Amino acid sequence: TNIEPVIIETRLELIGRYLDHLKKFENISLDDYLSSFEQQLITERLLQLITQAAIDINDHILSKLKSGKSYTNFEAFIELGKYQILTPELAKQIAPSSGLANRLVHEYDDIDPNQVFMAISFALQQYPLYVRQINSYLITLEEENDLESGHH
């Protein structure tokens, strides 16, 4: 209806490409990761852009569904889970990771690579589910719109 699918689809595509490259680190050992600033830089940027892309999708959706309402990045995930856009279970699991987009940008003097190593596996598990659920939401909206007004 009011949401613009191209803004969302573009970001879902980028998240897919970011995840494809992040998956190359799925089996890296702790020792190898902690020894390589270069691999930390790659994964930190990928995690930052995945989470920021998801934040931008969420803000756009809520700007059309809950116009004039303000949400923190954490609250935005939970609200999508309340309205069946994400499952409440995924929303609650993935909402903490929303702080990564901020800490990797502004708390660069305080990045513990042991913690980022864990965030890699959490993102590879959670954000493919996020992409599929947002994508399913788009399909449902389009179907409901087609049913309401005939084929588009």
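One-based numbering along the sequence shown.
### Query
As stated in the PDB record, which stretch has the larger average Cα B-factor, 101-109 or 60-68?
Higher of the two, by average CA B-factor, is 60-68.
### Task
Using the B-factors recorded in the PDB entry, average over the C-alpha atoms of 27-35 and of 116-124, then report which stretch comes out higher.
27-35 has the higher mean C-alpha B-factor.
### Task
Report the third (lowest, middle or highest) to which the CA temperature factor of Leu141 belongs, ranking only the modelled residues of the same chain.
Its C-alpha B-factor, which the entry lists for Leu141, ranks in the highest third among residues of this chain.
### Lowest, middle or highest third - CA B-factor, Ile78
Within its chain, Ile78 is a middle-third residue by C-alpha B-factor, going by the deposited values.
### Query
In terms of the CA temperature factor given in the entry, to which third of its chain does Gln84 belong: lowest, middle or highest?
Tercile = highest for this residue's CA B-factor.
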